[PDB]
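K.L.:
Input: one structure, supplied below.
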Amino acid sequence: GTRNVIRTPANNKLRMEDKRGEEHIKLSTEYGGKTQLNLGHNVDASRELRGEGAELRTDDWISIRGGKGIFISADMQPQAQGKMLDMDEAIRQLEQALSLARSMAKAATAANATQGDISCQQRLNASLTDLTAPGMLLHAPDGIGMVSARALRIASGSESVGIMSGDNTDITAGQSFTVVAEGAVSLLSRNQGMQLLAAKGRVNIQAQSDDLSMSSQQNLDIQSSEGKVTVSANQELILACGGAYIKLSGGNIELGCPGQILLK
Amino acid sequence: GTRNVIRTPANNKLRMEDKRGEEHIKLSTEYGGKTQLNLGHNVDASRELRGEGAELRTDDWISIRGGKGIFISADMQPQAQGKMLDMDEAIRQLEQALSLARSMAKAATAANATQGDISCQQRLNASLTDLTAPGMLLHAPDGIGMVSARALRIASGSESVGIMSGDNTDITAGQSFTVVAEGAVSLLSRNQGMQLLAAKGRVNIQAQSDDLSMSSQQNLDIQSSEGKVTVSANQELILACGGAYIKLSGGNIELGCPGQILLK
Amino acid sequence: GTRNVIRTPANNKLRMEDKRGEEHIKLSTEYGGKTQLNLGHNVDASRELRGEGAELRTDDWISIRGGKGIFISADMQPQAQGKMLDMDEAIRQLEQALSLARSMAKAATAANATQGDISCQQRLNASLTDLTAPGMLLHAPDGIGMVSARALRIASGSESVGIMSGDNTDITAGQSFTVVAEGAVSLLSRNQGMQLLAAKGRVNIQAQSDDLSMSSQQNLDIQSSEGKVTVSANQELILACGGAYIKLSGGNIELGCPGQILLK
């Protein structure tokens, strides 16, 4: 009743369940656990619903190989009406991310920050839009979670990794956040400033083989709240303001000013 | 022998291999290379094992479209016993990441760092848990690798990108690490301090239109090991410690202290 | 004509289209919208091409569960010639990312930066290579896009998140870039220096319970372009260069030098 089964003696089966409102197709082999494709109203052995939709499952490996590209999408396309690669919302996301990156790259240029790699991201947009190149596009309207107890790797071998967020980009490290860049490290805040804080542990800022420049347009405050402040130069220590200066150089101290030197 | 084949003249085939311990189902069309679904003990033309499990393969595009959400999981569910969306380990990962982010957000508040966006990550937990919203959940117990020779993009159009690690979060850039935030850039180390190091190249720290404050509770050391230290103010340069002060302002130098000024 | 259909009264169908050069297989159930597997030259109801390759689609959930690991790959394997888990290009990407991370870890050690977590990434390489452990490997030769209007999460519960780029790693936050590390925050630029810039907003650098050290090998410049520079110590303020020093401590000012003190 309402079950059409092509079953082999080895229990390779193609089962079609006809019960209206609970139709399903099961393509199942006994190898690798039950390696199965379950479509529709998927039930267990006791015919209780164990899931709705499409399940590709195995105890062994799963390989999904698309020579022209992979589109994995949580975007509803009811009744399969539309192209297989209909990705309008994913394309909107790609364009939004790219335009955000481009506007931020202009902002970085204006602030003399190191610009991002717009070229490879624009090329990625071209590649992934309609998957004209064999890329991979993962899109979900309600968020994507990539999780593992073990390590995760996101790696571009030859090009850039771009992370775009309309909101925050939050990194939470249970141990440490480390960046090694072969070229530059550039952090640009556009509106709300920058906080570089160690709740505990030493803060060490080094131009190990070059100049260090620390400037503000407005007031610059350097403070040790409970300890010492030591400023040491090897060649020359200069404090200058408004024509007045104090210079420590050679083995001399020079206090020069156009006005008066007052000792109180 | 042990091979049931529904083969069409165009070589559309549904093959069921019955050989015990090496059962497989092959659903194959000649279009797009061999566009195939291979289940179980998958063999090549010479009947040698080319893979175990489920293979969806084509020379053309692959589209995986789930209107209610996509669960891609390397979590063993032997004999398909359990719900199709049984995601207990993935849910544990989501909860662990969220609780880590929340505890770190409290820590950021305590340290006056810019807090992360907990709201969208909590909403993401709600969405992805059992895929109650059409999200995408990728979980593997032994790690996830997302790799390409070309560019990678991880982008949230309207919400936050959250990266959580029980261990380190390491970024290794073959060229440069650039951050442009529209709001704030906030780096908080909780226990082991902060190292901002340029092995080569200039270190430039600017509050381009605002105040810069650099403070330590303990000793603050500013040093040029081989060059000069220049401290310049536009309005007023003040060095103060213990009631003593040196002020460079106007065109004057003022050395004030309640004790003695000693020149040696 | 050229259409072999196993159709049930409930419209569970296995359709094989034999038209040469446009062959396709359709496995379709009416449940969950049209929950379907479409292989090959996939057409709509009016027999117009709606996509080429393999489509797994449903209005409900999609579950892809591989107990031994998931390989999702946009790597062409023409005519299914080769192993199901043939991942030579993906393995090259994994090795390239790992070797980049290792060389950068050595560089971080040389610069006294906090080293990254190479161990878990090396273990991830071992796990994902041929999927010897149940990991997940996503590889596309032409780039990977992971996008959502909603939040994204990349999380390792117990291990590290590694981001590797042959080129830049760009982060573009529409609101804020926040890092909370339980241990250290370490930014190492190898060649092109470091820019920590707030176009607007206060720059705040704090060793909240420890020492702060700011050093350059070459010239160190501290400047307020339009405001004041204030240097305050609690215990002792020392400016030293070439044997000369100015010390503010107790309530005293001491100017000591082996040469001469010149007031101009």
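If you're wondering about the labels, chains in the structure tokens are A, B, ... by order shown, residues count from 1 in each chain, ligands from 1 in order shown.
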Do a neighbour search on range 248-260 of chain C at 9 Å with only C-alpha atoms, toss out local chain neighbours closer than 6 positions, and write the hits as a VMD selection string.
P.N.:
(chain A and resid 248 250 to 254) or (chain B and resid 239 to 246 255 to 264) or (chain C and resid 233 to 239 242)
K.L.:
Among the residues of range 39-242 of chain A, find those DSSP assigns to strand (DSSP E) from the backbone and print them as a PyMOL selection string.
P.N.:
chain A and resi 39-43+49-58+61-66+69-73+136-139+144-148+152-156+161-165+169-173+177-181+185-189+194-198+203-207+212-216+220-224+228-233+236-241
K.L.:
Show which residues sit within 7 Å of range 219-224 of chain B, as a CSV table (one decimal) with N, CA and C atoms, in the first residue's frame. Count only C-alpha atoms, and ignore same-chain residues fewer than 6 positions away.
P.N.:
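This is the output file around.csv:
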chain,number,residue,atom,x,y,z
A,224,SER,N,52.2,56.8,33.4
A,224,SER,CA,52.3,55.7,34.2
A,224,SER,C,51.6,56.0,35.5
A,227,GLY,N,53.8,53.7,38.3
A,227,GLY,CA,55.2,53.4,38.1
A,227,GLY,C,55.9,54.6,37.6
A,228,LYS,N,57.0,54.3,36.8
A,228,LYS,CA,57.9,55.3,36.2
A,228,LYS,C,57.6,55.5,34.8
A,229,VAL,N,57.9,56.6,34.3
A,229,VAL,CA,58.0,56.9,32.8
A,229,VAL,C,59.5,57.2,32.5
A,230,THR,N,60.0,56.4,31.6
A,230,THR,CA,61.4,56.5,31.2
A,230,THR,C,61.4,56.8,29.7
A,231,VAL,N,62.0,57.9,29.3
A,231,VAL,CA,62.2,58.2,27.9
A,231,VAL,C,63.7,58.3,27.6
A,232,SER,N,64.1,57.4,26.8
A,232,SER,CA,65.6,57.3,26.5
A,232,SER,C,65.8,57.4,25.0
A,233,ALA,N,66.7,58.2,24.6
A,233,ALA,CA,67.2,58.3,23.2
A,233,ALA,C,68.6,57.9,23.2
A,234,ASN,N,69.1,57.4,22.1
A,234,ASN,CA,70.5,57.1,21.9
A,234,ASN,C,71.3,58.3,21.4
C,211,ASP,N,53.5,46.8,32.6
C,211,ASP,CA,54.4,47.7,31.9
C,211,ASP,C,53.9,48.0,30.5
C,212,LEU,N,54.1,49.2,30.0
C,212,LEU,CA,54.1,49.5,28.6
C,212,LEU,C,55.5,49.9,28.1
C,213,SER,N,55.9,49.3,27.0
C,213,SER,CA,57.2,49.6,26.4
C,213,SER,C,56.9,50.0,24.9
C,214,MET,N,57.4,51.1,24.5
C,214,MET,CA,57.3,51.6,23.2
C,214,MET,C,58.6,52.0,22.7
C,215,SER,N,59.2,51.3,21.7
C,215,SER,CA,60.5,51.5,21.3
C,215,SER,C,60.6,51.5,19.8
C,216,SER,N,61.6,52.2,19.3
C,216,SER,CA,62.1,52.1,17.9
C,216,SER,C,63.6,51.9,17.9
C,217,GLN,N,64.1,51.3,16.9
C,217,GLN,CA,65.5,51.3,16.6
C,217,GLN,C,66.0,52.6,16.1
C,218,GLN,N,65.2,53.2,15.2
C,218,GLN,CA,65.5,54.5,14.6
C,218,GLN,C,64.7,55.5,15.3
C,219,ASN,N,64.5,56.7,14.7
C,219,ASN,CA,63.9,57.8,15.4
C,219,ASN,C,62.5,57.5,15.9
C,220,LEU,N,62.2,58.0,17.1
C,220,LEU,CA,60.9,57.9,17.7
C,220,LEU,C,60.3,59.3,17.9
K.L.:
Env of residue 202 in chain C: 10 Å cut, atoms = only C-alpha atoms, seq-sep filter 2 positions within chain, self excluded. Answer as a PDB file with C-alpha atoms, in the first residue's frame.
P.N.:
ATOM      1  CA  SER A 189      39.136  52.880  12.712  1.00  0.00           C
ATOM      2  CA  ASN A 191      34.778  56.893  13.590  1.00  0.00           C
ATOM      3  CA  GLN A 192      35.025  55.464  17.104  1.00  0.00           C
ATOM      4  CA  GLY A 193      38.755  55.368  17.696  1.00  0.00           C
ATOM      5  CA  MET A 194      41.055  52.544  18.621  1.00  0.00           C
ATOM      6  CA  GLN A 195      41.559  50.698  21.894  1.00  0.00           C
ATOM      7  CA  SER A 216      47.471  62.859  17.787  1.00  0.00           C
ATOM      8  CA  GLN A 218      44.393  66.717  19.809  1.00  0.00           C
ATOM      9  CA  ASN A 219      45.947  66.108  23.230  1.00  0.00           C
ATOM     10  CA  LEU A 220      48.462  63.309  23.636  1.00  0.00           C
TER      11      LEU A 220
ATOM     12  CA  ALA B 184      36.034  51.196  16.496  1.00  0.00           C
ATOM     13  CA  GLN B 206      47.755  58.196  14.937  1.00  0.00           C
ATOM     14  CA  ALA B 207      44.661  59.705  16.426  1.00  0.00           C
ATOM     15  CA  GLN B 208      44.265  61.662  13.212  1.00  0.00           C
ATOM     16  CA  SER B 209      41.508  63.915  14.544  1.00  0.00           C
ATOM     17  CA  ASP B 210      41.309  63.201  18.272  1.00  0.00           C
ATOM     18  CA  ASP B 211      43.216  62.478  21.477  1.00  0.00           C
ATOM     19  CA  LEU B 212      45.790  59.755  21.889  1.00  0.00           C
ATOM     20  CA  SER B 213      46.254  58.274  25.342  1.00  0.00           C
TER      21      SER B 213
ATOM     22  CA  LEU C 197      45.149  54.742  12.814  1.00  0.00           C
ATOM     23  CA  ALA C 198      41.927  56.253  14.057  1.00  0.00           C
ATOM     24  CA  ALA C 199      40.680  58.673  11.430  1.00  0.00           C
ATOM     25  CA  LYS C 200      38.289  59.862  14.133  1.00  0.00           C
ATOM     26  CA  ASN C 204      43.716  54.517  23.778  1.00  0.00           C
ATOM     27  CA  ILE C 205      46.676  52.227  24.448  1.00  0.00           C
TER      28      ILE C 205
END
K.L.:
Identify which of the residues A:157, A:185, A:13, A:165 lies closest to residue 90 in chain C, counting only C-alpha atoms when measuring atom-to-atom distances.
P.N.:
A:157
K.L.:
Taking the DSSP secondary structure from the backbone, can you list the residues of range 27-197 of chain A that are alpha helix (DSSP H), as a ChimeraX atom specification?
P.N.:
/A:88-110,118-128
K.L.:
For those residues, write N, CA, C and O atoms to a file as a compact mmCIF listing (two decimals), in the first residue's frame.
P.N.:
# COMPACT_ATOMS: atom_id res chain seq x y z
N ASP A 88 20.13 35.20 -6.63
CA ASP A 88 19.95 36.64 -6.55
C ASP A 88 20.30 37.18 -5.17
O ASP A 88 20.99 38.20 -5.05
N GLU A 89 19.86 36.51 -4.11
CA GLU A 89 20.19 36.98 -2.77
C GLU A 89 21.67 36.81 -2.46
O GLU A 89 22.30 37.69 -1.86
N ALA A 90 22.25 35.68 -2.88
CA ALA A 90 23.69 35.49 -2.72
C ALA A 90 24.47 36.54 -3.50
O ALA A 90 25.50 37.04 -3.03
N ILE A 91 23.99 36.89 -4.69
CA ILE A 91 24.67 37.91 -5.48
C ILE A 91 24.56 39.27 -4.81
O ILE A 91 25.51 40.05 -4.80
N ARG A 92 23.39 39.58 -4.24
CA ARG A 92 23.25 40.81 -3.48
C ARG A 92 24.24 40.85 -2.33
O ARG A 92 24.86 41.88 -2.07
N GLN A 93 24.42 39.72 -1.64
CA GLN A 93 25.41 39.67 -0.56
C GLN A 93 26.82 39.90 -1.08
O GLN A 93 27.59 40.66 -0.48
N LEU A 94 27.17 39.26 -2.20
CA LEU A 94 28.50 39.45 -2.77
C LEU A 94 28.74 40.90 -3.15
O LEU A 94 29.80 41.47 -2.86
N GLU A 95 27.75 41.53 -3.79
CA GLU A 95 27.90 42.92 -4.20
C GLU A 95 27.98 43.84 -3.00
O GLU A 95 28.75 44.80 -3.01
N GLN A 96 27.18 43.58 -1.97
CA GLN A 96 27.22 44.40 -0.78
C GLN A 96 28.58 44.31 -0.10
O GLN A 96 29.17 45.33 0.28
N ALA A 97 29.11 43.09 0.04
CA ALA A 97 30.43 42.92 0.63
C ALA A 97 31.49 43.63 -0.19
O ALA A 97 32.37 44.29 0.36
N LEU A 98 31.42 43.50 -1.52
CA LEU A 98 32.43 44.12 -2.37
C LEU A 98 32.36 45.64 -2.31
O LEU A 98 33.39 46.30 -2.24
N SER A 99 31.15 46.20 -2.31
CA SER A 99 31.03 47.65 -2.27
C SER A 99 31.46 48.19 -0.91
O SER A 99 32.09 49.26 -0.83
N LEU A 100 31.18 47.46 0.16
CA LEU A 100 31.69 47.85 1.47
C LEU A 100 33.22 47.84 1.47
O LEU A 100 33.85 48.79 1.94
N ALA A 101 33.82 46.77 0.94
CA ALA A 101 35.27 46.70 0.88
C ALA A 101 35.85 47.83 0.04
O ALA A 101 36.89 48.40 0.39
N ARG A 102 35.19 48.20 -1.05
CA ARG A 102 35.72 49.25 -1.91
C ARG A 102 35.64 50.61 -1.24
O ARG A 102 36.59 51.40 -1.29
N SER A 103 34.50 50.91 -0.60
CA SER A 103 34.39 52.18 0.11
C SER A 103 35.40 52.24 1.26
O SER A 103 36.01 53.29 1.50
N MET A 104 35.62 51.12 1.94
CA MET A 104 36.61 51.12 3.01
C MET A 104 38.02 51.24 2.47
O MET A 104 38.89 51.79 3.14
N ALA A 105 38.27 50.72 1.27
CA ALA A 105 39.59 50.88 0.67
C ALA A 105 39.85 52.34 0.33
O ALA A 105 40.96 52.84 0.54
N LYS A 106 38.84 53.04 -0.18
CA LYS A 106 38.99 54.47 -0.38
C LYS A 106 39.25 55.19 0.94
O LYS A 106 40.10 56.08 1.02
N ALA A 107 38.52 54.81 1.99
CA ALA A 107 38.75 55.42 3.30
C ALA A 107 40.16 55.16 3.79
O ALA A 107 40.80 56.05 4.36
N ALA A 108 40.67 53.95 3.58
CA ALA A 108 42.03 53.62 3.98
C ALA A 108 43.04 54.46 3.23
O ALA A 108 44.04 54.91 3.80
N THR A 109 42.81 54.67 1.93
CA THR A 109 43.68 55.55 1.16
C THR A 109 43.66 56.97 1.72
O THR A 109 44.72 57.58 1.90
N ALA A 110 42.48 57.48 2.04
CA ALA A 110 42.38 58.84 2.57
C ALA A 110 43.12 58.98 3.90
O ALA A 110 43.65 60.05 4.20
N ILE A 118 41.51 44.87 -3.24
CA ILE A 118 40.20 44.91 -3.88
C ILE A 118 40.19 44.05 -5.13
O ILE A 118 39.16 43.44 -5.46
N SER A 119 41.32 43.95 -5.83
CA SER A 119 41.35 43.29 -7.13
C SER A 119 40.88 41.85 -7.05
O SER A 119 40.02 41.42 -7.83
N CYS A 120 41.45 41.07 -6.13
CA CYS A 120 41.08 39.67 -6.04
C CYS A 120 39.65 39.48 -5.56
O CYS A 120 39.00 38.53 -5.95
N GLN A 121 39.13 40.40 -4.75
CA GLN A 121 37.74 40.30 -4.32
C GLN A 121 36.78 40.65 -5.44
O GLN A 121 35.72 40.04 -5.58
N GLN A 122 37.13 41.64 -6.27
CA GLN A 122 36.33 41.94 -7.45
C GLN A 122 36.34 40.77 -8.42
O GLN A 122 35.30 40.40 -8.98
N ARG A 123 37.51 40.16 -8.61
CA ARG A 123 37.60 38.97 -9.43
C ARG A 123 36.78 37.83 -8.84
O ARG A 123 36.17 37.05 -9.57
N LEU A 124 36.77 37.71 -7.51
CA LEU A 124 35.96 36.69 -6.86
C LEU A 124 34.48 36.93 -7.11
O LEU A 124 33.72 35.99 -7.32
N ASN A 125 34.05 38.19 -7.05
CA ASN A 125 32.67 38.52 -7.40
C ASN A 125 32.35 38.06 -8.81
O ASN A 125 31.33 37.41 -9.04
N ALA A 126 33.23 38.37 -9.76
CA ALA A 126 33.01 37.94 -11.14
C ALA A 126 32.94 36.42 -11.23
O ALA A 126 32.07 35.87 -11.92
N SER A 127 33.82 35.72 -10.53
CA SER A 127 33.88 34.26 -10.60
C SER A 127 32.63 33.63 -10.00
O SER A 127 32.06 32.70 -10.57
N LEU A 128 32.19 34.12 -8.85
CA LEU A 128 31.12 33.47 -8.10
C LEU A 128 29.75 33.86 -8.61
O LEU A 128 28.81 33.07 -8.48
K.L.:
Work out how far apart CA of residue 175 in chain C and CA of residue 130 in chain B are and give it in Å to one decimal.
P.N.:
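Taking CA of residue 175 in chain C and CA of residue 130 in chain B, their separation equals 29.2 Å.
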K.L.:
Check the smallest atom-to-atom distance from each of C:62, C:171, C:140, C:196 to residue 39 in chain A using only C-alpha atoms, then report the winner.
P.N.:
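Under the stated criterion, the closest residue is C:62.
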K.L.:
Which residues, written as a ChimeraX atom specification, have at least one atom at most 7 Å from range 66-74 of chain B, with only C-alpha atoms counted and residues fewer than 2 positions away on the same chain left out?
P.N.:
/A:73-77 /B:64,76,131,133-141 /C:57-70,134-136
K.L.:
Please provide as number ranges by chain all residues within 8 Å of range 16-20 of chain B, with the sequence filter that same-chain residues fewer than 2 positions apart are discarded (counting only C-alpha atoms).
P.N.:
A: 8-12; B: 2-5, 14, 22-26
K.L.:
Any chance you can output those residues with C-alpha atoms as a short mmCIF file (atom, residue, chain, number, x, y, z; two decimals), in the first residue's frame?
P.N.:
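What landed in out-v6.cif:
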data_model
loop_
_atom_site.label_atom_id
_atom_site.label_comp_id
_atom_site.auth_asym_id
_atom_site.auth_seq_id
_atom_site.Cartn_x
_atom_site.Cartn_y
_atom_site.Cartn_z
CA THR A 8 17.53 -6.31 -4.42
CA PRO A 9 18.51 -9.35 -2.32
CA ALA A 10 21.45 -7.34 -0.96
CA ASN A 11 18.94 -4.69 0.23
CA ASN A 12 19.85 -2.13 -2.39
CA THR B 2 24.73 -9.35 -8.49
CA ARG B 3 24.28 -6.35 -10.82
CA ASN B 4 20.77 -5.03 -11.46
CA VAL B 5 20.92 -2.35 -14.14
CA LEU B 14 20.47 3.10 -12.29
CA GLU B 22 30.63 -4.34 -1.80
CA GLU B 23 27.10 -3.15 -2.52
CA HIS B 24 26.62 0.08 -4.39
CA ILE B 25 24.02 2.12 -6.21
CA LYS B 26 25.00 4.21 -9.22
#
K.L.:
Can you work out the spacing between CA of residue 37 in chain A and CA of residue 55 in chain A in Å, to one decimal?
P.N.:
5.6 Å
K.L.:
Pick the closest to residue 111 in chain C from A:188, A:164, A:203, A:180: which is it, counting only C-alpha atoms?
P.N.:
A:180
